[PDB]
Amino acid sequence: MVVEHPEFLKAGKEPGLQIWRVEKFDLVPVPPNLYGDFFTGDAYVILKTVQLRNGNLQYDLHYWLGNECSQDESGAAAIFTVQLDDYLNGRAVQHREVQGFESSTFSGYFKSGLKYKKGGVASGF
């Protein structure tokens, strides 16, 4: 079986930006009103989908690690990244993003730039 998940079924269908937070060993949508603000206590998975001129879709997967996130969260973010790439037939390029050292590509996804906030969802461990 191709490994799937309801969020997997929604991923990469249209050009745009999709952000999930790791919560208790699961991949949970971030409310769109919060896009660009990241909890320092958490880990996130971000899929940027681009419609190329040929019609085809290009995928970049980024996993963002907060300075205070727990090991379950960073480990799950990495694994979910692999799984979502596999779901996309391996055609995503994967990128690790650490708080305060993110790529200019990742920063550029957010018109207001990247911002951080104290707190986060409880660890699953």
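When you see a residue number, it is the position in the sequence shown, counting from 1. If you superpose the two forms and keep the largest set of C-alpha atoms that fall within 1.5 Å, you have the rigid core.
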Fill in the blank from the handout: With the rigid core as the fit reference, the stretch showing the greater C-alpha departure in 8 other deposited structures of this protein, 115-123 or 4-12, is 4-12
Exercise for the section: Check whether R91 has no coordinates in at least a third of the other compared PDB entries of this protein, counting only entries that model residues on both sides of it. Expected result: no
Exercise for the section: Give yes or no for this: do at least a third of the other compared entries, each modelling residues before and after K48, lack coordinates for it? Expected result: no
Practice task
Would you determine, from the values in the PDB entry, which of 30-38 and 50-58 has the greater average C-alpha temperature factor?
Solution key: 50-58
Practice task
Averaging the C-alpha B factors as listed in the entry, name the stretch that ends up higher: 89-97 or 67-75.
Solution key: 89-97
Exercise for the section: Identify, among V22, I19, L9, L114, the residue whose C-alpha carries the highest B-factor in the deposited PDB entry. Expected result: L9
